[PDB]
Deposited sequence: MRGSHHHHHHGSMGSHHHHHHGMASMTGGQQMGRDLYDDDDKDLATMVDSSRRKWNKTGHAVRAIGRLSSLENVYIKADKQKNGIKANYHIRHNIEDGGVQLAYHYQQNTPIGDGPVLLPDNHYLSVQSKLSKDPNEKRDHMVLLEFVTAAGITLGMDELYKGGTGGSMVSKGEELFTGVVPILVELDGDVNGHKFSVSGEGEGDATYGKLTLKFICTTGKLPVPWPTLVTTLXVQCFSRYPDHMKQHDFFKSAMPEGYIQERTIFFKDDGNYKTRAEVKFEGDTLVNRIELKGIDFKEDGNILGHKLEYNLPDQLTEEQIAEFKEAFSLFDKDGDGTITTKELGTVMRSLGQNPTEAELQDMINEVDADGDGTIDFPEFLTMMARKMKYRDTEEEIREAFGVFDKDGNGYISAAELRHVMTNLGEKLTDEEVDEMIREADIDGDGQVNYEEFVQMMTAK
């Protein structure tokens, strides 16, 4: 009864959420910058806020070769990055342990500098920072293995306490370790600039707060890949998320079997032929039943956003990965309102039973005019017989 309702809901909410993810740009987007003989990159990072929503950090980036040698200017593509932050239980100093996995994708189905990345390469990181006049240094060390896009670093704040959250420095503190697939080796700018290296420059805008400006030199010093950085931060709020340390350090590396099974149920609403992959046709069917009407091109681009193997379809594991990440890094209010907007057909700020029934039956759920009410009940905080925004928020967690 309650069970069925709760279950029928998760499936819908998850499907809507999947469309939200597929309509978003969460990767690192790289483009050639012929005028500078380099590349540009653009992306955003989500920083979960302790007991709250999410902090956005909008990154603009340029990389320029230090040397005169030829480099590879890529076609447009992306890097997909997975990071984990941890603490060294024996470390007394303010520190961060970082693991990253970085892979290039985005282009559907080898430079001299790449030979320097065939095995495990030692890394040294040095940063000097100044944020609102609060100065600091970080040293880090570790190793990278481009064969797997793997890197592991440990950083120490050598000046005492870091005056900003460690997660805000992850992107600043070696994309040369990215795994490029065989068909995309001609688009690896980073390794092509080695050993002489490149300059990596960023402006990072933390929404509703200040911005970082960074300049780094990434180059070999003997056998070690070194990342030397300068960071300047201005316009930060003294009691904002950054200077006020209001950001979460790490997420459970967890995700229960029950959450995974919920993802699988949602997957199966898109994979209508049961073949274990989602096609543009399947994707378009679901979107249209939700009242959208994307073109073929939009459908291919939505799939391409999460298509790890470049086959043109969202395979079962690609979808699982995408959902896991959508649940770990929180949504903006604008994104939750878009999702709400799918159900709220008249746009009055209230999901009626008639609206919900419309959405469900459109998605091809066989539900009773009683199961429909049963669903509203579960979500209805204030007992008005409808679902408002704050109530939707709850229904989506």
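J.: Given the full deposited sequence, which segments carry no C-alpha coordinates?
T.: Coordinates drop out over 1-46, 156-169, 234, 459-460.
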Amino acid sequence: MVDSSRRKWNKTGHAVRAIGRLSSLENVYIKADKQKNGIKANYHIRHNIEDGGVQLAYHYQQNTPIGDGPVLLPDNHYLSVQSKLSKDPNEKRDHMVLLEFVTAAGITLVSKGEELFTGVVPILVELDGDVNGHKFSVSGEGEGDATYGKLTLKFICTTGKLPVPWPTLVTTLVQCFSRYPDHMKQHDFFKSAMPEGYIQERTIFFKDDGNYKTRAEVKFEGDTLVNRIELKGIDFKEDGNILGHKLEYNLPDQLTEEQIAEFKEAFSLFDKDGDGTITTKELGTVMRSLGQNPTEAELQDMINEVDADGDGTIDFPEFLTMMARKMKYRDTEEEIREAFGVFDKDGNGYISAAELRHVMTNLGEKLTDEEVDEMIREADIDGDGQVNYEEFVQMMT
From here on, numbers count along this sequence of modelled residues.
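J.: Using the B-factors recorded in the PDB entry, average over the C-alpha atoms of 40-48 and of 329-337, then report which stretch comes out higher.
T.: Averaging CA B-factors over each stretch, the winner is 329-337.
J.: Looking at the entry, does 340-348 or 51-59 show the higher mean C-alpha B-factor?
T.: Mean C-alpha B-factor is greater for 340-348.
J.: Which one of 126, 208, 257, 201 shows the top CA temperature factor in the record?
T.: Comparing C-alpha B-factors across 126, 208, 257, 201, the maximum falls on 257.
J.: According to the deposited entry, which of 102, 110, 131, 97 has the largest Cα B-factor?
T.: Highest C-alpha B-factor among the listed options: 110.
J.: Can you tell me which third, lowest, middle or highest, the CA B-factor of residue 16 falls into for its chain?
T.: Tercile = middle for this residue's CA B-factor.
J.: Name the third of the chain's ranked CA B-factors that contains residue 137, choosing lowest, middle or highest.
T.: Its C-alpha B-factor, which the entry lists for residue 137, ranks in the middle third among residues of this chain.
J.: Residue 27: which third of its chain by C-alpha temperature factor?
T.: Lowest third of the chain for residue 27's C-alpha B-factor.
J.: Based on the deposited C-alpha B factors for this chain, I'd like to know if residue 84 is in the lowest, middle or highest third.
T.: Tercile = lowest for this residue's CA B-factor.
J.: What third of the chain, by the recorded C-alpha B-factor, contains residue 301?
T.: As the PDB entry reports it, the C-alpha B-factor of residue 301 lands in the middle third of its chain.
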